[PDB]
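Engineer: Below you'll find upload.cif; it's mmCIF, N, CA and C atoms.
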```
data_start
#
loop_
_atom_site.label_atom_id
_atom_site.label_comp_id
_atom_site.auth_asym_id
_atom_site.auth_seq_id
_atom_site.Cartn_x
_atom_site.Cartn_y
_atom_site.Cartn_z
N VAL A 257 87.63 98.86 100.09
CA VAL A 257 88.26 97.90 99.18
C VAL A 257 89.65 98.39 98.79
N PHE A 258 89.76 99.67 98.45
CA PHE A 258 91.07 100.25 98.17
C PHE A 258 92.05 99.94 99.29
N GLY A 259 91.68 100.26 100.52
CA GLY A 259 92.60 100.07 101.64
C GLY A 259 93.00 98.62 101.82
N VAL A 260 92.02 97.72 101.83
CA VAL A 260 92.32 96.33 102.14
C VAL A 260 93.15 95.71 101.03
N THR A 261 92.84 96.05 99.78
CA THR A 261 93.60 95.49 98.67
C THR A 261 95.02 96.04 98.65
N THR A 262 95.20 97.33 98.93
CA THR A 262 96.55 97.87 98.95
C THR A 262 97.37 97.21 100.06
N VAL A 263 96.76 96.97 101.22
CA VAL A 263 97.50 96.31 102.29
C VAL A 263 97.84 94.88 101.90
N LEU A 264 96.89 94.15 101.31
CA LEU A 264 97.16 92.78 100.89
C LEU A 264 98.28 92.74 99.85
N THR A 265 98.24 93.65 98.88
CA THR A 265 99.29 93.71 97.86
C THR A 265 100.64 94.00 98.50
N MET A 266 100.69 94.98 99.40
CA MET A 266 101.95 95.29 100.06
C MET A 266 102.47 94.08 100.83
N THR A 267 101.58 93.32 101.47
CA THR A 267 102.02 92.14 102.20
C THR A 267 102.61 91.09 101.26
N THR A 268 101.90 90.79 100.17
CA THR A 268 102.41 89.82 99.21
C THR A 268 103.74 90.28 98.63
N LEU A 269 103.88 91.59 98.40
CA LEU A 269 105.11 92.12 97.83
C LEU A 269 106.26 92.03 98.82
N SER A 270 106.00 92.37 100.08
CA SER A 270 107.04 92.26 101.10
C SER A 270 107.47 90.81 101.29
N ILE A 271 106.56 89.87 101.07
CA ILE A 271 106.93 88.46 101.19
C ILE A 271 107.74 88.02 99.98
N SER A 272 107.32 88.42 98.78
CA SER A 272 107.99 87.98 97.57
C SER A 272 109.40 88.56 97.47
N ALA A 273 109.55 89.85 97.76
CA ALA A 273 110.84 90.50 97.56
C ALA A 273 111.91 89.90 98.45
N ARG A 274 111.54 89.49 99.67
CA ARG A 274 112.50 88.89 100.58
C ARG A 274 112.96 87.52 100.10
N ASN A 275 112.19 86.86 99.24
CA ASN A 275 112.50 85.50 98.83
C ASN A 275 113.83 85.41 98.09
N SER A 276 114.23 86.49 97.41
CA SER A 276 115.43 86.43 96.59
C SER A 276 116.69 86.29 97.44
N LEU A 277 116.81 87.10 98.48
CA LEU A 277 118.04 87.20 99.24
C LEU A 277 118.19 86.02 100.21
N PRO A 278 119.42 85.68 100.59
CA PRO A 278 119.61 84.71 101.67
C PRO A 278 119.05 85.22 102.99
N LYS A 279 118.75 84.28 103.88
CA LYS A 279 118.11 84.59 105.16
C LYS A 279 119.12 85.24 106.09
N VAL A 280 119.35 86.53 105.89
CA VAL A 280 120.24 87.28 106.76
C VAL A 280 119.42 87.88 107.89
N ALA A 281 120.10 88.22 108.98
CA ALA A 281 119.44 88.64 110.21
C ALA A 281 119.41 90.15 110.38
N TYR A 282 119.72 90.92 109.34
CA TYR A 282 119.63 92.37 109.38
C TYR A 282 118.69 92.83 108.28
N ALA A 283 118.40 94.13 108.28
CA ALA A 283 117.47 94.73 107.34
C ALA A 283 118.25 95.43 106.24
N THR A 284 118.00 95.04 105.00
CA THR A 284 118.67 95.63 103.85
C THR A 284 118.05 96.99 103.55
N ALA A 285 118.42 97.58 102.41
CA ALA A 285 117.83 98.85 102.02
C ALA A 285 116.47 98.65 101.37
N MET A 286 116.36 97.65 100.49
CA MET A 286 115.07 97.36 99.88
C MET A 286 114.02 97.05 100.93
N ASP A 287 114.44 96.42 102.03
CA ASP A 287 113.50 96.15 103.11
C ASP A 287 113.04 97.45 103.77
N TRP A 288 113.94 98.42 103.91
CA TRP A 288 113.54 99.71 104.46
C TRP A 288 112.54 100.41 103.54
N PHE A 289 112.79 100.36 102.23
CA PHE A 289 111.85 100.95 101.29
C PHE A 289 110.49 100.28 101.39
N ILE A 290 110.47 98.95 101.47
CA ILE A 290 109.21 98.23 101.55
C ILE A 290 108.49 98.57 102.84
N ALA A 291 109.24 98.71 103.94
CA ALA A 291 108.62 99.05 105.21
C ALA A 291 108.00 100.44 105.17
N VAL A 292 108.69 101.40 104.56
CA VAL A 292 108.13 102.75 104.48
C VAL A 292 106.89 102.76 103.60
N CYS A 293 106.91 102.01 102.49
CA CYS A 293 105.73 101.95 101.64
C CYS A 293 104.56 101.31 102.38
N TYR A 294 104.83 100.27 103.17
CA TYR A 294 103.78 99.64 103.95
C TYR A 294 103.23 100.61 104.97
N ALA A 295 104.11 101.42 105.57
CA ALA A 295 103.67 102.45 106.50
C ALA A 295 102.70 103.41 105.81
N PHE A 296 103.12 103.97 104.68
CA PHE A 296 102.25 104.89 103.95
C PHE A 296 100.89 104.27 103.66
N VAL A 297 100.88 103.04 103.13
CA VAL A 297 99.61 102.41 102.77
C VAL A 297 98.72 102.26 104.00
N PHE A 298 99.29 101.76 105.10
CA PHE A 298 98.49 101.55 106.30
C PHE A 298 98.00 102.88 106.86
N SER A 299 98.81 103.93 106.74
CA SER A 299 98.40 105.24 107.22
C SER A 299 97.23 105.77 106.40
N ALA A 300 97.23 105.51 105.09
CA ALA A 300 96.10 105.93 104.28
C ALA A 300 94.84 105.17 104.68
N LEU A 301 94.98 103.88 104.97
CA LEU A 301 93.82 103.12 105.45
C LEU A 301 93.30 103.70 106.76
N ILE A 302 94.21 104.12 107.64
CA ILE A 302 93.77 104.65 108.93
C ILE A 302 93.19 106.04 108.77
N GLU A 303 93.60 106.76 107.73
CA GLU A 303 93.03 108.08 107.48
C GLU A 303 91.62 107.94 106.94
N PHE A 304 91.38 106.93 106.11
CA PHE A 304 90.02 106.66 105.68
C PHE A 304 89.16 106.23 106.86
N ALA A 305 89.71 105.42 107.76
CA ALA A 305 88.94 105.02 108.94
C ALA A 305 88.57 106.23 109.78
N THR A 306 89.50 107.16 109.97
CA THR A 306 89.20 108.36 110.75
C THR A 306 88.14 109.21 110.05
N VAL A 307 88.27 109.38 108.74
CA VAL A 307 87.28 110.17 108.00
C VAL A 307 85.90 109.56 108.14
N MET B 261 97.12 91.94 86.81
CA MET B 261 98.28 92.35 86.03
C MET B 261 99.55 92.24 86.86
N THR B 262 99.53 92.80 88.07
CA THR B 262 100.70 92.75 88.94
C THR B 262 101.18 91.31 89.13
N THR B 263 100.26 90.43 89.53
CA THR B 263 100.65 89.04 89.79
C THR B 263 101.18 88.38 88.53
N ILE B 264 100.52 88.62 87.39
CA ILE B 264 100.98 88.05 86.13
C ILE B 264 102.44 88.42 85.91
N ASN B 265 102.75 89.71 86.04
CA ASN B 265 104.11 90.15 85.75
C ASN B 265 105.10 89.57 86.75
N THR B 266 104.72 89.54 88.03
CA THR B 266 105.60 88.98 89.05
C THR B 266 105.96 87.55 88.71
N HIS B 267 104.95 86.69 88.57
CA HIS B 267 105.21 85.27 88.36
C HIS B 267 105.94 85.03 87.05
N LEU B 268 105.57 85.75 85.99
CA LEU B 268 106.30 85.61 84.74
C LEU B 268 107.78 85.92 84.94
N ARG B 269 108.08 87.02 85.63
CA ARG B 269 109.47 87.40 85.84
C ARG B 269 110.21 86.33 86.62
N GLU B 270 109.53 85.66 87.56
CA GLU B 270 110.22 84.69 88.40
C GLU B 270 110.86 83.57 87.58
N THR B 271 110.29 83.23 86.43
CA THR B 271 110.78 82.10 85.64
C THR B 271 112.07 82.38 84.87
N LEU B 272 112.51 83.63 84.79
CA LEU B 272 113.71 84.02 84.08
C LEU B 272 114.83 84.39 85.04
N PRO B 273 116.06 84.54 84.55
CA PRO B 273 117.14 85.00 85.42
C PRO B 273 116.97 86.47 85.79
N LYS B 274 117.81 86.92 86.71
CA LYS B 274 117.75 88.29 87.21
C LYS B 274 118.58 89.20 86.31
N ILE B 275 118.02 89.53 85.15
CA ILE B 275 118.72 90.34 84.16
C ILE B 275 118.35 91.80 84.38
N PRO B 276 119.26 92.75 84.15
CA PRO B 276 118.93 94.15 84.44
C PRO B 276 118.00 94.78 83.43
N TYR B 277 118.10 94.41 82.16
CA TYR B 277 117.37 95.10 81.11
C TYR B 277 115.92 94.64 81.06
N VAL B 278 115.05 95.54 80.64
CA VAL B 278 113.64 95.23 80.46
C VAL B 278 113.47 94.43 79.17
N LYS B 279 112.80 93.29 79.27
CA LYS B 279 112.58 92.42 78.12
C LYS B 279 111.48 93.02 77.25
N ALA B 280 111.02 92.27 76.26
CA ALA B 280 109.91 92.74 75.44
C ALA B 280 108.57 92.45 76.11
N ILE B 281 108.42 91.25 76.68
CA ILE B 281 107.18 90.94 77.37
C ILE B 281 107.02 91.80 78.60
N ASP B 282 108.13 92.22 79.21
CA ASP B 282 108.04 93.16 80.32
C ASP B 282 107.53 94.51 79.85
N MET B 283 107.96 94.95 78.67
CA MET B 283 107.44 96.20 78.12
C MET B 283 105.95 96.10 77.82
N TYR B 284 105.53 94.97 77.25
CA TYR B 284 104.10 94.79 76.98
C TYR B 284 103.30 94.79 78.27
N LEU B 285 103.78 94.08 79.29
CA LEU B 285 103.05 94.02 80.54
C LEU B 285 103.00 95.38 81.22
N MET B 286 104.08 96.16 81.13
CA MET B 286 104.05 97.51 81.69
C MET B 286 103.04 98.39 80.95
N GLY B 287 102.97 98.27 79.62
CA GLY B 287 101.97 99.02 78.89
C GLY B 287 100.55 98.64 79.28
N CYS B 288 100.29 97.34 79.40
CA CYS B 288 98.97 96.90 79.81
C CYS B 288 98.63 97.39 81.21
N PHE B 289 99.62 97.38 82.11
CA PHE B 289 99.38 97.87 83.46
C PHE B 289 99.12 99.36 83.46
N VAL B 290 99.79 100.11 82.59
CA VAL B 290 99.52 101.54 82.50
C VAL B 290 98.09 101.77 82.02
N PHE B 291 97.64 100.97 81.06
CA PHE B 291 96.27 101.13 80.58
C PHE B 291 95.26 100.82 81.68
N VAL B 292 95.48 99.75 82.44
CA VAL B 292 94.55 99.42 83.52
C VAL B 292 94.56 100.53 84.57
N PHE B 293 95.75 100.98 84.96
CA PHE B 293 95.86 102.03 85.96
C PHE B 293 95.12 103.27 85.50
N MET B 294 95.34 103.69 84.25
CA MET B 294 94.66 104.88 83.76
C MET B 294 93.15 104.68 83.73
N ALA B 295 92.69 103.46 83.44
CA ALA B 295 91.25 103.21 83.46
C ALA B 295 90.69 103.46 84.85
N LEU B 296 91.34 102.90 85.88
CA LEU B 296 90.86 103.12 87.24
C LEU B 296 90.97 104.59 87.63
N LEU B 297 92.03 105.26 87.17
CA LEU B 297 92.20 106.68 87.47
C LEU B 297 91.08 107.49 86.84
N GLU B 298 90.67 107.12 85.63
CA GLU B 298 89.59 107.84 84.97
C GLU B 298 88.27 107.60 85.69
N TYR B 299 88.04 106.37 86.16
CA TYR B 299 86.84 106.15 86.96
C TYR B 299 86.84 107.07 88.17
N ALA B 300 87.99 107.17 88.86
CA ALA B 300 88.02 108.00 90.06
C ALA B 300 87.90 109.48 89.72
N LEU B 301 88.34 109.87 88.52
CA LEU B 301 88.19 111.26 88.11
C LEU B 301 86.74 111.57 87.81
N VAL B 302 86.01 110.57 87.31
CA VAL B 302 84.57 110.74 87.11
C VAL B 302 83.88 110.82 88.46
N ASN B 303 84.28 109.97 89.39
CA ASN B 303 83.67 109.97 90.72
C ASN B 303 83.90 111.29 91.43
N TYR B 304 85.04 111.94 91.18
CA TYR B 304 85.35 113.18 91.88
C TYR B 304 84.51 114.35 91.38
N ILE B 305 84.27 114.43 90.07
CA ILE B 305 83.54 115.56 89.49
C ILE B 305 82.06 115.24 89.29
N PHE B 306 81.60 114.09 89.77
CA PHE B 306 80.25 113.64 89.46
C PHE B 306 79.20 114.42 90.25
N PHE B 307 79.47 114.72 91.53
CA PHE B 307 78.50 115.47 92.31
C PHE B 307 78.38 116.91 91.82
N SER B 308 79.50 117.53 91.43
CA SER B 308 79.46 118.92 91.00
C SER B 308 78.84 119.06 89.62
N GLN B 309 79.23 118.21 88.68
CA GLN B 309 78.72 118.26 87.31
C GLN B 309 78.33 116.86 86.87
N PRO B 310 77.04 116.59 86.62
CA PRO B 310 76.63 115.25 86.19
C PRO B 310 76.77 114.97 84.70
N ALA B 311 77.02 115.97 83.86
CA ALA B 311 77.16 115.71 82.43
C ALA B 311 78.60 115.48 82.01
N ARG B 312 79.56 116.08 82.71
CA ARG B 312 80.96 115.81 82.39
C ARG B 312 81.28 114.34 82.58
#
```
The structure in this file should be written as structure tokens.

Structural biologist:
Amino acid sequence: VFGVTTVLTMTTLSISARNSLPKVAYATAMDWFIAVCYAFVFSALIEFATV
Amino acid sequence: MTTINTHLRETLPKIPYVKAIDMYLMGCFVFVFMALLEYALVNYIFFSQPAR
């Protein structure tokens, strides 16, 4: 439940945060931060799967 | 809590300073977070010591 909820939250957050800015075709800095956080969350889910 | 704060914030302009309702929501979120953290702290020490 921890893993799936954290991934769902990260997805909703990545969708909401992008809504503010105009539809530009490059990746901002906040997008890089969100991507790294999504990486960490998914890696923790995969570490639980391995355990 | 997270969703409440998100949607509430959406209805206002993009101001830098933390409002009062934002402070209240952050406090409530800290209380919820600490509650879950305490549950997990009980879960961690539960096998070793059942009375703590």

Engineer: With a distance threshold of 10 Å and counting only C-alpha atoms, extract the residues of chain A near chain B and express them as a PDB file with N, CA and C atoms, in the coordinates of the input.

Structural biologist:
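Generated output (part27.pdb):
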```
ATOM      1  N   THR A 265      98.240  93.650  98.880  1.00  0.00           N
ATOM      2  CA  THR A 265      99.290  93.710  97.860  1.00  0.00           C
ATOM      3  C   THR A 265     100.640  94.000  98.500  1.00  0.00           C
ATOM      4  N   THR A 268     101.900  90.790 100.170  1.00  0.00           N
ATOM      5  CA  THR A 268     102.410  89.820  99.210  1.00  0.00           C
ATOM      6  C   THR A 268     103.740  90.280  98.630  1.00  0.00           C
ATOM      7  N   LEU A 269     103.880  91.590  98.400  1.00  0.00           N
ATOM      8  CA  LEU A 269     105.110  92.120  97.830  1.00  0.00           C
ATOM      9  C   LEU A 269     106.260  92.030  98.820  1.00  0.00           C
ATOM     10  N   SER A 272     107.320  88.420  98.780  1.00  0.00           N
ATOM     11  CA  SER A 272     107.990  87.980  97.570  1.00  0.00           C
ATOM     12  C   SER A 272     109.400  88.560  97.470  1.00  0.00           C
ATOM     13  N   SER A 276     114.230  86.490  97.410  1.00  0.00           N
ATOM     14  CA  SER A 276     115.430  86.430  96.590  1.00  0.00           C
ATOM     15  C   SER A 276     116.690  86.290  97.440  1.00  0.00           C
TER      16      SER A 276
END
```

Engineer: Taking the file as shown, find all residues satisfying the PyMOL selection byres (((chain A and resi 283-292 and name CA) around 12) and name CA) and write them as JSON, numbers by chain.

Structural biologist: {"A": [263, 265, 266, 267, 268, 269, 270, 271, 272, 273, 274, 275, 276, 277, 278, 279, 280, 281, 282, 293, 294, 295, 296, 297, 298, 299]}

Engineer: DSSP on the backbone: what in chain A comes out alpha helix (DSSP H), as a ChimeraX atom specification?

Structural biologist: /A:258-276,285-306

Engineer: Distance atom C of residue 307 of chain A-atom N of residue 304 of chain B, one decimal place?

Structural biologist: 17.1 Å

Engineer: Work out how far atom C of residue 264 of chain B is from atom C of residue 291 of chain B, in Å to one decimal.

Structural biologist: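 For atom C of residue 291 of chain B relative to atom C of residue 264 of chain B, the distance reads 14.9 Å.
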
Engineer: For atom CA of residue 311 of chain B and atom N of residue 298 of chain B, quote the distance in Å rounded to one decimal.

Structural biologist: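 So the answer is 16.3 Å.
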
Engineer: Name the closest residue to residue 285 of chain B among the candidates B:301, B:307, B:312, B:265; distances are taken between atoms, counting all atoms listed in the file.

Structural biologist: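 Going through B:301, B:307, B:312, B:265 one by one, the smallest distance to residue 285 of chain B is for B:265.
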
Engineer: What does segment 289-309 of chain B look like written to a file with C-alpha atoms, as an mmCIF file, in the first residue's frame?

Structural biologist:
```
data_model
loop_
_atom_site.group_PDB
_atom_site.id
_atom_site.type_symbol
_atom_site.label_atom_id
_atom_site.label_comp_id
_atom_site.auth_asym_id
_atom_site.auth_seq_id
_atom_site.Cartn_x
_atom_site.Cartn_y
_atom_site.Cartn_z
ATOM 1 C CA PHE B 289 -0.365 17.551 7.925
ATOM 2 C CA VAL B 290 2.503 17.420 10.417
ATOM 3 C CA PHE B 291 0.167 15.875 12.981
ATOM 4 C CA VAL B 292 -1.062 13.242 10.515
ATOM 5 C CA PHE B 293 2.479 12.472 9.375
ATOM 6 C CA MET B 294 3.690 12.086 12.955
ATOM 7 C CA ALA B 295 0.743 9.797 13.697
ATOM 8 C CA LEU B 296 1.711 7.466 10.859
ATOM 9 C CA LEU B 297 5.364 7.709 11.891
ATOM 10 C CA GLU B 298 4.449 6.676 15.428
ATOM 11 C CA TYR B 299 2.495 3.707 14.119
ATOM 12 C CA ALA B 300 5.555 2.635 12.142
ATOM 13 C CA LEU B 301 7.771 3.150 15.188
ATOM 14 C CA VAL B 302 5.484 0.830 17.129
ATOM 15 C CA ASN B 303 5.599 -1.683 14.284
ATOM 16 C CA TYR B 304 9.408 -1.596 14.289
ATOM 17 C CA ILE B 305 9.898 -2.273 18.022
ATOM 18 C CA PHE B 306 6.876 -4.567 18.392
ATOM 19 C CA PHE B 307 8.606 -7.899 17.738
ATOM 20 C CA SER B 308 11.516 -7.116 20.070
ATOM 21 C CA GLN B 309 9.463 -5.607 22.921
#
```
